[PDB]
Amino acid sequence: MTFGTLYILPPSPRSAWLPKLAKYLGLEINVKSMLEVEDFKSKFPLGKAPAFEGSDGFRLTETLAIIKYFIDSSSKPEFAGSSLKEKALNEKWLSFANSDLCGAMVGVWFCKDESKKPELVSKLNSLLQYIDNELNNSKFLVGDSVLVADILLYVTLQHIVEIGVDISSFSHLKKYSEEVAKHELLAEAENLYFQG
């Protein structure tokens, strides 16, 4: 049965993160648009997506909050890491990717004005260069295992690429992005069964 209802802003490419994560974890959720709900602000007074309402009525906002609730409510409750340092670095990457990197991708994504684009694409490239460099040291963002940070990074990459930003310049990043797509595929059978 369904874990809850997620309210998104459909035009935003940030709308993909939480649905993907539910899927990855086997949580069945509805997804509605906050634009077409009558009293969004009755339930959610700030008026911003993402917003979630559990089946049980539990109301929750802020992307990082909802990530934690999905994971903690799921059958991979250790998916934001196990050791103290793992958990911390995963928070780091989640916070970074959701604010800075997604903020940059969205800047470009909705760029109407060509006199503003290069500046915006530049912010984005620097952020990618940083990640690339951090991927010098490690197999994935945090270590050797795949954590929720990677899943959501990967989704962000797909969006960045879709709009034609070369990930070709960034060596460690492309190799990363392949290794993550590979882990999900190989993890997919056992994941897909332990939720049915």
# chains A, B, ... in the order shown; residues from 1 in each chain; ligands from 1
>>> closest_atom_pairs(of="segment 13-124 of chain A", to="segment 163-173 of chain A", cutoff="9 Å", atoms="only C-alpha atoms", output="tab-separated table")
residue	atom	partner	partner_atom	distance
A:108	CA	A:163	CA	8.8
A:109	CA	A:163	CA	7.4
A:121	CA	A:165	CA	8.3
>>> residues_around(residues="residue 118 of chain A", least_positions_apart="5", cutoff="12 Å", atoms="only C-alpha atoms", output="list in words")
residues 104, 107, 108, 111, 112, 113, 123, 124, 125 and 165 of chain A
>>> select_by_dssp(residues="segment 19-192 of chain A", states="strand (DSSP E or B)", output="VMD selection string")
chain A and resid 29 to 33 51 to 54 59 to 61
>>> closest_atom_pairs(of="segment 97-160 of chain A", to="segment 11-17 of chain A", cutoff="10 Å", atoms="only C-alpha atoms", output="tab-separated table")
residue	atom	partner	partner_atom	distance
A:98	CA	A:14	CA	8.5
A:102	CA	A:14	CA	7.2
A:103	CA	A:14	CA	9.2
A:105	CA	A:13	CA	8.8
A:106	CA	A:13	CA	7.3
A:109	CA	A:13	CA	8.1
A:110	CA	A:12	CA	9.0
A:151	CA	A:17	CA	8.8
A:152	CA	A:17	CA	6.1
A:153	CA	A:17	CA	9.1
A:154	CA	A:17	CA	9.8
A:155	CA	A:17	CA	6.9
A:156	CA	A:17	CA	8.0
A:159	CA	A:13	CA	7.4
A:160	CA	A:13	CA	9.8
>>> atom_distance(atom1="atom CA of residue 148 of chain A", atom2="atom CA of residue 94 of chain A")
8.1 Å
>>> residues_around(residues="segment 78-88 of chain A", least_positions_apart="4", cutoff="7 Å", atoms="only C-alpha atoms", output="ChimeraX atom specification")
/A:71,92,142,147-148
>>> write_last_selection(atoms="N, CA and C atoms", output="PDB file, in the first residue's frame")
ATOM      1  N   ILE A  71      14.163   7.208   3.726  1.00  0.00           N
ATOM      2  CA  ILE A  71      15.160   6.195   4.042  1.00  0.00           C
ATOM      3  C   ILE A  71      14.829   5.505   5.367  1.00  0.00           C
ATOM      4  N   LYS A  92      26.801  15.872   3.839  1.00  0.00           N
ATOM      5  CA  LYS A  92      27.506  16.937   3.152  1.00  0.00           C
ATOM      6  C   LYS A  92      27.127  16.976   1.692  1.00  0.00           C
ATOM      7  N   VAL A 142      31.285   9.005  -1.016  1.00  0.00           N
ATOM      8  CA  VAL A 142      31.636   8.772   0.380  1.00  0.00           C
ATOM      9  C   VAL A 142      32.697   7.681   0.530  1.00  0.00           C
ATOM     10  N   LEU A 147      25.656   5.040  -1.711  1.00  0.00           N
ATOM     11  CA  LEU A 147      24.768   5.629  -0.732  1.00  0.00           C
ATOM     12  C   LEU A 147      23.746   6.530  -1.411  1.00  0.00           C
ATOM     13  N   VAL A 148      22.745   6.968  -0.658  1.00  0.00           N
ATOM     14  CA  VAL A 148      21.714   7.837  -1.261  1.00  0.00           C
ATOM     15  C   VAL A 148      22.267   9.079  -1.947  1.00  0.00           C
TER      16      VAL A 148
END
>>> residues_around(residues="residue 191 of chain A", least_positions_apart="5", cutoff="10 Å", atoms="only C-alpha atoms", output="PDB file with C-alpha atoms, in the first residue's frame")
ATOM      1  CA  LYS A  23      11.246   3.895  -6.422  1.00  0.00           C
ATOM      2  CA  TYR A  24      14.776   2.903  -5.507  1.00  0.00           C
ATOM      3  CA  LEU A  25      13.553   2.051  -2.023  1.00  0.00           C
ATOM      4  CA  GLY A  26      10.219   0.396  -2.971  1.00  0.00           C
ATOM      5  CA  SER A  75      14.023  -1.511   4.115  1.00  0.00           C
ATOM      6  CA  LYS A  76      17.467   0.067   3.469  1.00  0.00           C
ATOM      7  CA  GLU A 184      21.795   0.055  -9.633  1.00  0.00           C
ATOM      8  CA  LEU A 185      21.314  -2.401 -12.516  1.00  0.00           C
ATOM      9  CA  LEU A 186      23.036  -5.190 -10.538  1.00  0.00           C
ATOM     10  CA  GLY A 196       6.968  -7.116  -3.552  1.00  0.00           C
TER      11      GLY A 196
END
>>> atom_distance(atom1="atom CA of residue 161 of chain A", atom2="atom CA of residue 100 of chain A")
16.9 Å
>>> closest_residue(among="A:181, A:31, A:64, A:128", to="residue 99 of chain A", atoms="only C-alpha atoms")
A:64
>>> atom_distance(atom1="atom CA of residue 50 of chain A", atom2="atom CA of residue 67 of chain A")
10.7 Å
